[PDB]
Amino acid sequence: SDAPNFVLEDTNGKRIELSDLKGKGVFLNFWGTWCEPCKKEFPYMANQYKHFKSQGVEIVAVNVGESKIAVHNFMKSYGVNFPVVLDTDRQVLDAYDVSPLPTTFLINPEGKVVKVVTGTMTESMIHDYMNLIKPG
């Protein structure tokens, strides 16, 4: 299944579009600063990102609607080193049909959804999920 495309701005103002990432695996996260699991999981994605970014896996952590400042504070507190976008009007969330939070979509290099993950992820899981969608 094709991942609905979207265009959003990351927390530095940069226009990011899903289809611009064709060729890379995309670890697509929907999250909010009130999710306990993301407090645990963002450090793990950060640490796996050190390894996977040069393998051609990208993270896109879609924050569901919160203020630039609430997001910035969460990113500093949990050592985030990956791209975060702002779903300001929560329209990408509805395009993805998401509930609960977090939910992660594993999108392969050809732009298709290979796995939808809800519920808890260990760092070992995150590792595997990223190997599942890496180009090489």
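Residue numbers here begin at 1 and follow the sequence given.
TODO: Could you settle it for me: does 3-11 or 126-134 have the higher average Cα B factor in the PDB entry?
DONE: It is 3-11 that shows the higher mean C-alpha B-factor.
TODO: Compare the mean C-alpha B-factor of 51-59 with that of 37-45 as given in the PDB entry, and name the stretch with the higher value.
DONE: Stretch with the greater average CA B-factor: 37-45.
Open item on the list: Among 84, 64, 106, 98, where is the Cα B factor highest in this entry?
Closed with: Answer for 84, 64, 106, 98: 98, with the highest C-alpha B-factor.
- [ ] Would you check the entry's CA temperature factor for residue 32 and let me know if it's in the chain's lowest, middle or highest third?
- [x] Residue 32: CA B-factor falls in the lowest third of its chain.
TODO: Please place residue 26 in the lowest, middle or highest third of its chain by C-alpha B factor as given in the entry.
DONE: For residue 26, whose C-alpha B-factor we compare with every modelled residue in the chain, the answer is the lowest third.
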